[PDB]
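Shown next, in structure tokens, is the structure this report addresses.
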Amino acid sequence: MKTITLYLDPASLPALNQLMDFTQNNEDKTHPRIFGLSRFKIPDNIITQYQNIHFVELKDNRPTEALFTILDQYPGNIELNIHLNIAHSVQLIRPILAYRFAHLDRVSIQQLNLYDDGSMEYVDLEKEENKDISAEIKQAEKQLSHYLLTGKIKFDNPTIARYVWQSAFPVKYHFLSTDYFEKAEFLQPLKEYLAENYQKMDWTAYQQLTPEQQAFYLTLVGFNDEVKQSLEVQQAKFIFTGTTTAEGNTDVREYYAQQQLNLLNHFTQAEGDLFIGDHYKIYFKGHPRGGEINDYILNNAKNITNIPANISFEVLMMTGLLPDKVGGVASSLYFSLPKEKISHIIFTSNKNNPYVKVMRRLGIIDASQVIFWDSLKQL
Ligand SMILES: Nc1ccn([C@@H]2O[C@H](COP(=O)(O)O)[C@@H](O)[C@H]2O)c(=O)n1
């Protein structure tokens, strides 16, 4: 029959990983592909090279009904190769299962490849610390069965349910942190349950690509020559990393912008609590979804080189263009950054802190008192 590959992610990290998958399998120009990556626009010059390449919008963390129109274009027997965001897996696959129900004779799920949204999955797991994990797993598999058979969603534990897909399909999990699963003792039952169905995100994949594929990849993630050259300068560098929010909208978005600018000053100003030194060239790597928050930094800071917000930080690691130091608000990017390059990681207020616990458990931060940006004086 025929295999159809779907790349779905409303966030950044899973999409970054999925674009690598696309690059590795980019030779086949006719393999049907459906892209549902909210934060990525595949360049037109690349699209034209492929046939049976489709695009679908995501709304409320699930592909829209426009997905059914695409699938109807393949009348034969089709096996779905689905790539998903782990945190949002249940909703992202919802429309796919609904379609399958109506075309049970020709539509089947071939396999699932799941990738971490980022720190979110770990913060969520951290909250399950006092649960009987072994029992939570059994209940989740049961409720997953109910979802697969009735199409209805009802999970007593939405978090653990994200990890019981193997009970229904061939699966492969790609974790931002395999250490968390080994260091969090309360999760031992889960680690054992997952058996050989997981691996850590492979950040060395880019280096294994051919010279042609690496350029294909760089084009997909937006890493142009101008940015590359700005990072090839000879001088110690410091990249300030931004964050974003979705809380209280406007008011909170403006609070975030102001606290982030103040944070930057604490790193770059001689009188700052986190002053890095004067020999560093300053760069700003804003959050992909920072929006007005990123603009606030550029409009109110000086002598700072902007690295387009849409360019995922990990790309610098892949290209071997990491700076000497990195500092900013807690982010998923710090999970794969070499410890020697960490300046300071600051946490946001606006409510024990689950995120703090996760990074401490992984040794990303030490036992010392954590810095929340609401405790930094206005410079
Ligand atoms: N300042 C930032 C913040 C996040 N990011 C990318 O977005 C992802 C998720 O980041 P957050 O955990 O900060 O939301 C990361 O894995 C990183 O790829 C970035 O490239 N630059």
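Computed from the coordinates by the stated procedures, all read-outs in this text should not be read as laboratory data. Reconstructed Cβ throughout: ideal geometry from the backbone, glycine too, with neighbour counts over all protein chains shown.
Tabulated values for the structure
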| item | result |
| --- | --- |
| Computed log₁₀ I(q)/I(0) - Debye formula, equal Cα scatterers, no solvent, the range 210-376, q 0.17 Å⁻¹ | -1.09 |
| Assigned charges on the beta-carbon of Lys, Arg, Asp, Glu; the chain dipole about Cα centre (debye) | 320 |
| DSSP-defined beta bridges in the chain - what % are antiparallel, rounded to 5 | 5 |
| Convex hull volume per residue for the range 1-45, taking Cα atoms only, in Å³ | 79 |
| FRET E, pair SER134, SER336, Förster distance 35 Å, beta-carbon r, rounded to 0.05 | 0.75 |
| Rounded FRET efficiency, nearest 0.05, which uses the C-beta distance separating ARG360 from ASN262 and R0 of 41 Å | 0.95 |
| Charge tally in the Cβ shell below 10 Å around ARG253, where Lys, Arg are +1 and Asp, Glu are -1, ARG253 excluded | -4 |
| Orientation-averaged projected area, Cα convex hull of the range 64-187 (nm²) | 7.8 |
| Amide H contacts of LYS237 (H built 1.01 Å from N, under 5 Å, at least 5 apart or other chain) | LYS281, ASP324, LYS325 |
| Cα shape, the range 33-107, gyration tensor, a/c 1.5 rule | oblate |
| Three-way shape call for the range 1-78 based on the alpha-carbon gyration tensor, with the a/c threshold at 1.5 | oblate |
| Kirkwood hydrodynamic radius (C-alpha pairs) into Stokes-Einstein, the range 1-209, 37 °C and 0.692 mPa s, D in µm²/s | 184 |
| Separation between Cα centres of the range 111-176 and the range 212-251, rounded to whole Å | 32 |
| Whole-Hz ³J(HN,Hα) from phi, Karplus 6.51 cos²θ - 1.76 cosθ + 1.60, for the range 167-179, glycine and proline x | 5, 9, 9, x, 9, 9, 9, 10, 9, 5, 9, 7, 5 |
| Spin-label pair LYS127/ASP179, simplified geometry with 7 Å Cα→Cβ offset, distance in nm | 2.5 |
| Likely footprinting exposure, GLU340, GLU126, fewest C-beta neighbours within 10 Å first | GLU340, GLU126 |
| Vicinal HN-Hα couplings computed from phi for the range 367-379 (Karplus, 6.51 cos²θ - 1.76 cosθ + 1.60; Hz; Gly/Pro x) | 7, 4, 4, 6, 9, 9, 5, 7, 9, 9, 5, 6, 7 |
| Estimated [θ] at 222 nm from DSSP helical runs (n ≥ 4, -39500 (n - 2.57)) normalised by residues in the chain, nearest 500 | -10000 deg cm²/dmol |
| Two-site label geometry, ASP202 and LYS142: point separation in nm, points 7 Å out along Cα→Cβ | 3.8 |
| HN-Hα J in Hz across the range 217-233 - Karplus 6.51, -1.76, 1.60, θ = phi - 60°, x for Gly and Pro | 5, 4, 5, 5, 8, x, 8, 6, 4, 4, 5, 3, 5, 5, 8, 9, 4 |
| Spread of Cα-to-Cα distances over 20 Å intervals beginning at zero, given as percent, for the chain | 26, 56, 17, 0 |
